[PDB]
Peer 1: 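Have a look at this one before I ask anything.
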Amino acid sequence: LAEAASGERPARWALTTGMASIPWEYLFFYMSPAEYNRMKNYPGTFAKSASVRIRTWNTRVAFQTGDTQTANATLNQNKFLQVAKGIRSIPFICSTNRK
Amino acid sequence: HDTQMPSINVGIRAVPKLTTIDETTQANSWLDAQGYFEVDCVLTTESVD
Amino acid sequence: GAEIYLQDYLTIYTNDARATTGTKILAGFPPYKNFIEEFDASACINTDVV
Amino acid sequence: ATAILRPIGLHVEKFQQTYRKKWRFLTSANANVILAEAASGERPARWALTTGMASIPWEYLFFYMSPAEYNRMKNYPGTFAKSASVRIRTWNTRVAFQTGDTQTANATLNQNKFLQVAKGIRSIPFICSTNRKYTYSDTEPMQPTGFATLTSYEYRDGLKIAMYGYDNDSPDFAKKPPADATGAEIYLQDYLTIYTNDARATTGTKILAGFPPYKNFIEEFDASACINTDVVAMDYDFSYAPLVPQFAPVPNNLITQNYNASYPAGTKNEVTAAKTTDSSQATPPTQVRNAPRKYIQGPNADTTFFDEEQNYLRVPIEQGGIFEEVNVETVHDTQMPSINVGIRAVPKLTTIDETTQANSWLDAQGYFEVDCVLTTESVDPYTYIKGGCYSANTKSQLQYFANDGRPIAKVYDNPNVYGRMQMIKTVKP
Amino acid sequence: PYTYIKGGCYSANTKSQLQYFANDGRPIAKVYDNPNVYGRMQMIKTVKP
Amino acid sequence: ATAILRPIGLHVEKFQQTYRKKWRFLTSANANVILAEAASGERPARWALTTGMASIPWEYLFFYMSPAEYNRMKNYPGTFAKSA
DNA sequence: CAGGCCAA
DNA sequence: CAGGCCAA
DNA sequence: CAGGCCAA
DNA sequence: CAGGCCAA
């Protein structure tokens, strides 16, 4: 995808992926508004450790594309899961998470 | 010292359509596919009085 | 406990030199697939991945 | 006595480099259909038997190493490709659930699914074959109905661009995301085709031998049992694959009046010879010593082959018999074995009324994971104290040249002649 | 290093190197010619050959 | 699960090179004589005590590697001297 | 069962 | 194979 | 007994 | 560490 230059941002090419970002670095991910509001009444609070475990379930693939002009429906599937740890910190892969 | 939390990205690779394209290139049509991810997260905090 | 659709995905960027004046960098993309793990999702049903 | 000096010899630096790629290929299960190819110039009229076995271009440098790696390797004179290995793994093979012909209820859960592997078909003396791109019918997308005009150079260039993408200044940059970065599948379009003579207009004694039984030379397995299994594992040691020419020696003609001297070769052949053969049997096989050639480094160097970079994707990596060295040398003809993999066409569940081959096929794709490794070596010889690297003059290299000045190189595109890959004139890109 | 697919070798930007320079543009380098100062070799402006 | 991809990282090629020289040096047994050095600009007036201990220029690149080697090494960006 | 032929 | 660079 | 001081 | 090249 082409991203036009805007102000200080140069013109660049964007390579889209299907690897969804997991927002485990933020406080709302772990604790509800009630917990946040109560924690506000505990001055001196430091977050000590954050752990995340991700389990994948059955991955659904469409049986057909819906293009009526082709008979592309098939029982067989090649189905791959992509996991990316620490891509954000790689000095030479300029990347960010986008909608 | 400077700090960083490692990023986590998970996803499913796009599944090409069973159509036959006429040129040596990447697929131009893909089947709908969803990843189903169960996420367990724990946060530990401490405070002092 | 219902599922939530995620909409925020990793995007890889590289320079666009179509309007670049001077010495252009034409290095293409970095091979980002050399830095990720990929598994057959049919074998990963109900398995810890991260 | 304490040896204050000893013959430590020259300073030579050898560098070994490794190039790895991973490619995912999608192959069509093309039907076995006879196609007519009209006579064109020197090409006779012939019948073509199409297959679904896609060619794997493991004989070319772009298969293993990216444009950045190629450009950097250019700065390492004396580079030889040492070994090329390819591992091919097939994944689940998809077969269309239905043909799409609404007038029949051909949809079925059951599948017969076969994977075809062909090693070294290109070298078989009596199976005249080459890899071709087909055109397909609209009603039957898996049925070839002709040949595309896309040549082998154009095919490999397109495959390279799919592998590595365009330059950032290209207006068509977005069209091809690099598979080297994405890991996405690439559709292969170059399939093994079997040829036989077309005697419809032949005058005189006709040969009516039909086709050779090429299925007696391939492996075929139930593709349902081959999911995530290695199917091809082949290594190749290169006899002589100069990727960048040697460092030029210090010319002895600037130091010596003896540079143009003669010495006995004895009964050994220190100069290579080109064998010309004639399958029409109009001319006997001919061996010609001292074919026209010129140096690829030195005062009168002609580096057209390495400046047109024929060796990236136009010309195969190995060029044994094309390149001479100025020394007592043993040189033999060379070939890299061909690799073709594919899925056999899956017939439609329709019932035809005649005893013959199926006339309708389900769409089927082969999913092939290809692992390839290329090993190269280069040298930095210091024969002299100053001026940079210089090699010994016995390391000087010559390349066969045509009389018009076009470098001659080995090609794996045309069918074999007596089991030999021909040498042909290179074409300027 | 091959950080990118095309264009030749490129290193990571964390491998970028700077050299001390004088305000007039002459590179500054270590020299072992002058006597030590507090046991230290000085850095001096390089002279154009 | 069969890992179709794994983080193999970048392709980086490291090249190690060795440069050797053998030199024979003749040194004079200079006497220990005090020499006067007049003040010049920022340099003060000082007494100099001469010795016969010749300096060995092992801290410089020409000591180990010839002009041909230096010119070729110029075509290897990222070169660090490891040990002398 | 591949690399200068295979029926060596 | 993640956390202040990786080719340490 | 050398390399950012030696009397550390 | 020599004899049809040596970086084989």
Side-chain angles (χ1 to χ4, degrees), chain A residues 24 52 83-92, chain B residues 1-8, chain C residues 34-37 50, chain D residues 3 6-15 78 80 86 117-126 216-219 232-239 246-247 249 263-266 268 270 275 318 320-321 325-339 377-383 391-396 410 416-422, chain E residues 1-3 11-16 30 36-42, chain F residues 3 6-15 78 80:
Chain A
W24 79 295
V52 55
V83 179
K85 299 149 186 166
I87 298 298
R88 185 173 58 222
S89 307
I90 297 174
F92 45 87
Chain B
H1 63 80
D2 198 20
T3 70
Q4 279 187 57
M5 301 191 51
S7 62
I8 301 172
Chain C
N34 289 339
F35 299 86
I36 66 172
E37 294 192 291
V50 189
Chain D
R6 292 199 64 265
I8 61 170
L10 286 187
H11 180 207
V12 183
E13 289 291 350
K14 303 219 161 203
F15 313 102
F80 287 96
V86 55
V117 179
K119 299 149 186 166
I121 298 298
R122 185 173 58 222
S123 307
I124 297 174
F126 45 87
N216 289 339
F217 299 86
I218 66 172
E219 294 192 291
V232 189
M234 181 182 305
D235 304 347
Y236 191 80
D237 295 326
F238 292 106
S239 312
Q246 295 297 109
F247 271 114
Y263 38 87
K268 171 73 175 178
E270 311 187 23
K275 181 174 177 171
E318 205 184 32
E325 288 174 343
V326 192
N327 65 320
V328 179
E329 61 174 351
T330 310
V331 169
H332 63 80
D333 198 20
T334 70
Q335 279 187 57
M336 301 191 51
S338 62
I339 301 172
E377 280 173 62
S378 70
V379 293
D380 280 3
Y382 302 89
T383 56
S391 65
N393 62 354
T394 54
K395 296 294 187 181
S396 309
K410 269 277 195 154
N416 78 78
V417 288
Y418 301 86
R420 314 284 288 268
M421 294 298 103
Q422 86 179 283
Chain E
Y2 302 89
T3 56
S11 65
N13 62 354
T14 54
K15 296 294 187 181
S16 309
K30 269 277 195 154
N36 78 78
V37 288
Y38 301 86
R40 314 284 288 268
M41 294 298 103
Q42 86 179 283
Chain F
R6 292 199 64 265
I8 61 170
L10 286 187
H11 180 207
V12 183
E13 289 291 350
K14 303 219 161 203
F15 313 102
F80 287 96

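In what follows, chains carry the letters A, B, and so on, assigned in the order in which the sequence lines appear, proteins first and then strands, with residues in each chain numbered from 1. Values reported hereafter were calculated over all heavy atoms of this structure, with side chains retained and with hydrogens, waters and symmetry mates removed.
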Peer 1: Could you state the CD1-P distance from D:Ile124 to G:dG4, rounded to the nearest angstrom?
Peer 2: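 Value for this atom pair: 12 Å.
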Peer 1: Counting side-chain heavy atoms from C-beta on, which of H:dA7, J:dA7, G:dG3 comes nearest to D:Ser391?
Peer 2: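 The answer is J:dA7, which lies nearest to the side chain.
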Peer 1: Check every strand shown and say whether A:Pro91 touches a base, only sugar-phosphate, or nothing at a heavy-atom separation below 4.0 Å.
Peer 2: sugar-phosphate
Peer 1: Return the value, rounded to whole Å, for the distance between atom CZ of D:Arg122 and atom P of G:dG3.
Peer 2: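 For the pair D:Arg122 CZ and G:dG3 P, the rounded distance is 8 Å.
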Peer 1: As a test of reading the structure: which of H:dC6, J:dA7, J:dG4 is closest to the side chain of E:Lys15, going by heavy atoms?
Peer 2: H:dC6
Peer 1: Classify D:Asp237 by what it touches in the nucleic acid, base, sugar-phosphate, or nothing, heavy-atom distance under 4.0 Å.
Peer 2: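 It contacts base atoms.
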Peer 1: May I have the distance from D:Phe80 (atom CZ) to J:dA8 (atom P), rounded to whole angstrom?
Peer 2: 12 Å
Peer 1: Does a side-chain N-to-carboxylate-O contact under 4.0 Å join D:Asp333 and D:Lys410?
Peer 2: yes
Peer 1: Which whole-number value in Å describes the distance from D:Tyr418 OH to G:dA7 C1'?
Peer 2: 18 Å
Peer 1: Nearest to the A:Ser89 side chain among H:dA7, H:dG3, J:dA7, which nucleotide is it?
Peer 2: H:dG3
Peer 1: Report yes if the side chains of D:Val232 and D:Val117 come closer than 4.5 Å at any heavy-atom pair, otherwise no.
Peer 2: yes
Peer 1: Relative to the ring of E:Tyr2, is the ring of F:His11 parallel (under 30°), tilted (30 to 60°) or perpendicular (over 60°)?
Peer 2: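 Correct class here is parallel.
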Peer 1: With sugar-phosphate meaning primed atoms plus P, OP1 and OP2, does D:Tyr263 contact a base, only sugar-phosphate, or nothing at under 4.0 Å between heavy atoms?
Peer 2: nothing
Peer 1: Of A:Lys85 and E:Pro1, whose nearest nucleotide on DNA chain H comes first from the 5' end?
Peer 2: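 Its nearest nucleotide lies further toward 5', so the answer is A:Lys85.
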Peer 1: Does the pair D:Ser396 and D:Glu325 meet the rule for a side-chain hydrogen bond (donor to acceptor under 3.5 Å, both in side chains), with working shown?
Peer 2: CA-CA 6 Å; D:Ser396 309; D:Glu325 288 174 343; over 6 Å; no
Peer 1: Side chains of D:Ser123 and D:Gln335, heavy atoms from C-beta outward: is any pair under 4.5 Å?
Peer 2: yes
Peer 1: If you check every side-chain atom of D:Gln335, which of J:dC5, G:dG3, H:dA7 has the closest atom?
Peer 2: G:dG3
Peer 1: May I have the distance from A:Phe92 (atom CZ) to H:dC6 (atom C1'), rounded to whole angstrom?
Peer 2: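 Rounded to whole Å, this separation is 8 Å.
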Peer 1: Given G:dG3, J:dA7, G:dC5, identify the nucleotide with an atom nearest to the side chain of D:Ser239.
Peer 2: G:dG3
Peer 1: Of the candidate nucleotides G:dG3, G:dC1, H:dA8, which contains the atom at the shortest distance from the side chain of F:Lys14?
Peer 2: H:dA8
Peer 1: Touch check for D:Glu318, heavy atoms < 4.0 angstrom, all strands: base, sugar-phosphate only, or nothing?
Peer 2: base
Peer 1: Can you tell which of H:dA7, G:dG3, J:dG4 lies closest to the side chain of D:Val328?
Peer 2: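 The closest nucleotide is J:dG4.
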Peer 1: Give the rounded distance in Å between these two atoms: CZ of C:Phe35 and P of H:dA2.
Peer 2: 10 Å
Peer 1: Map B:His1 and F:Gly9 onto DNA chain H by nearest heavy atom, then report which one ends up closer to the 5' terminus.
Peer 2: B:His1
Peer 1: So D:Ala118, base contact, sugar-phosphate only, or nothing? Heavy-atom distance under 4.0 Å.
Peer 2: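 The residue D:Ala118 makes no contact with any strand.
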Peer 1: So what does C:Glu37 hit on the nucleic acid, given a heavy-atom distance under 4.0 Å: a base, only sugar-phosphate, or nothing?
Peer 2: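 Base contact.
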Peer 1: The side chain of B:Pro6 lies closest to which of these nucleotides: H:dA2, H:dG4, H:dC5?
Peer 2: H:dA2
Peer 1: In whole Å, what is the span from the NE2 atom of F:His11 to the P atom of H:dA7?
Peer 2: 12 Å
Peer 1: In this structure, how many angstroms lie between the P atom of H:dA2 and the CD1 atom of A:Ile87, rounded?
Peer 2: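 Nearest whole value for this atom pair: 9 Å.
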Peer 1: Does D:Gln422 reach a base, just sugar-phosphate, or nothing at all? Heavy atoms under 4.0 Å.
Peer 2: nothing
Peer 1: Taking atom OH of D:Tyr263 as the centre, does the number of heavy atoms from other residues, nucleotides or ligands within less than 6.0 Å exceed 12?
Peer 2: no
Peer 1: Any side-chain heavy atom of D:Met421 within less than 4.5 Å of one from D:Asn416?
Peer 2: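 Heavy-atom side-chain distance check passes, below 4.5 Å.
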Peer 1: Once you apply a heavy-atom cut-off of 4.0 Å, does D:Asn393 come out as touching a base, just sugar-phosphate, or nothing?
Peer 2: nothing
Peer 1: The side chain of E:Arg40 lies closest to which of these nucleotides: G:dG4, I:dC5, H:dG3?
Peer 2: I:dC5
Peer 1: What nucleic acid atoms does D:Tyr236 come within less than 4.0 Å of, heavy atoms only: base, sugar-phosphate, or nothing?
Peer 2: base
Peer 1: Just call it for D:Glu325: base, sugar-phosphate, or nothing, with non-hydrogen atoms closer than 4.0 Å on any strand.
Peer 2: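 Result for D:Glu325 = base.
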